[PDB]
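First comes the structure, then the notes that go with it.
Rule-based calculations on the coordinates, nothing more; no lab input. Using ideal geometry, Cβ is built from the backbone for each residue, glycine included, and neighbour counts are taken over all protein chains shown.
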Amino acid sequence: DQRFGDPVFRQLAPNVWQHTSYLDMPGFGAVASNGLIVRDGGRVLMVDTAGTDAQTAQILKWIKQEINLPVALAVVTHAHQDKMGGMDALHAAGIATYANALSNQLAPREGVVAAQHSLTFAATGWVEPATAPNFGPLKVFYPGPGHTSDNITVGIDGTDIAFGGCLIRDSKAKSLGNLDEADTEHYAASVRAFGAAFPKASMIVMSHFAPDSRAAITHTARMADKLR
Ligand SMILES: [Mg+2]
Ligand SMILES: [Mg+2]
Ligand SMILES: [Zn+2]
Ligand SMILES: [Zn+2]
């Protein structure tokens, strides 16, 4: 029988699925985290792990069962447990991993395993292509500091989808979440930078809410404005 801890999958587009897994921050709510699985021809690409290696391995099993293509690479969007808690599982599987250089630098401080490869960014926020080879339809953008100093975002070419990770909250959210590591001065402008980077995206995917419209962007920014 399927259990509450087992990842759940939602097909967002013909070649894109959301993974959702529930984790436990001690003393706090047990809570859900989303990432993406993208089919690009003969391979699969991932955005973020689950919050644990066990759940990440259950994700890779699903991919094997349901898609049966090799996972060529994963991009992870910041050095927090919900996004990088399954790096060992990825590495055990032979999956090449990539994160903001800054995420890799912060990883030991945040108790996550670093990715194998570092992404760097132009002053525009767009990833340097030499650091993101063969990413297929993944278009990586660093919007500036928000939820964390290192948070990155990923557009999916050939679809209506952009992934804001933990930077973006849905259009009915009442809070930006935990701000202990947030850049409260720049959060609003980074949210806006994200929305300007992926003007085509009509479906906004994020870590802790189900997918929403672009109103999630405007709403998160207008919440952030109140922190300055
Ligand atoms: Mg582990
Ligand atoms: Mg921390
Ligand atoms: Zn986070
Ligand atoms: Zn998060």
Test of understanding: among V47, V76, which residue is out of contact with any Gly (no Cβ under 6 Å at 6 or more places or on another chain) and touching a residue at least 24 places away in the same chain (Cβ under 8 Å)? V76
Condition met for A210 (touching a residue at least 40 places away in the same chain (Cβ under 8 Å) and loosely packed, with under 14 Cβ neighbours inside 10 Å): yes
Only one residue in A210, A224 is away from ligand 1 (no atom under 16 Å from the Cβ), out of contact with any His (no Cβ under 6 Å at 6 or more places or on another chain), among the aliphatic types (A, V, I, L, M) and in a loop (DSSP other than H, G, I, E, B). Which one? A210
Within region 70-91, take every residue that is out of contact with any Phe, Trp or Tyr (no Cβ under 8 Å at 6 or more places or on another chain) and small (G, A, S) and give me the one that is farthest from ligand 2 (Cβ to nearest atom). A72
With the requirement that a residue be among the aliphatic types (A, V, I, L, M) and on the phi > 0 side of the Ramachandran plot, what does region 79-94 give you? none
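Please pick out the residue among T120, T148, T153 that is under 25 Å from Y22 (Cα atoms) and touching a helix residue (DSSP H, G or I) at 6+ places or on another chain (Cβ under 6 Å).
Values: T120 fails: under 25 Å from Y22 (Cα atoms); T148 fails: touching a helix residue (DSSP H, G or I) at 6+ places or on another chain (Cβ under 6 Å).
Going through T120, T148, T153 in turn, just one is under 25 Å from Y22 (Cα atoms) and touching a helix residue (DSSP H, G or I) at 6+ places or on another chain (Cβ under 6 Å): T153.
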For region 61-120, which positions are assigned to a loop (DSSP other than H, G, I, E, B), surrounded by fewer than 17 Cβ atoms within 10 Å (Cβ to Cβ) and among the hydroxyl-bearing types (S, T, Y)? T120
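Among the residues of region 1-51, what is the count of those that are among the aromatic types (F, W, Y) and surrounded by fewer than 16 Cβ atoms within 10 Å (Cβ to Cβ)? Can you show your working first?
Going residue by residue through region 1-51, those that are among the aromatic types (F, W, Y) are 4, 9, 17, 22, 28.
Restricting the remaining residues to those that are surrounded by fewer than 16 Cβ atoms within 10 Å (Cβ to Cβ) gives 4, 9, 28.
Of the residues in region 1-51, 3 are among the aromatic types (F, W, Y) and surrounded by fewer than 16 Cβ atoms within 10 Å (Cβ to Cβ).
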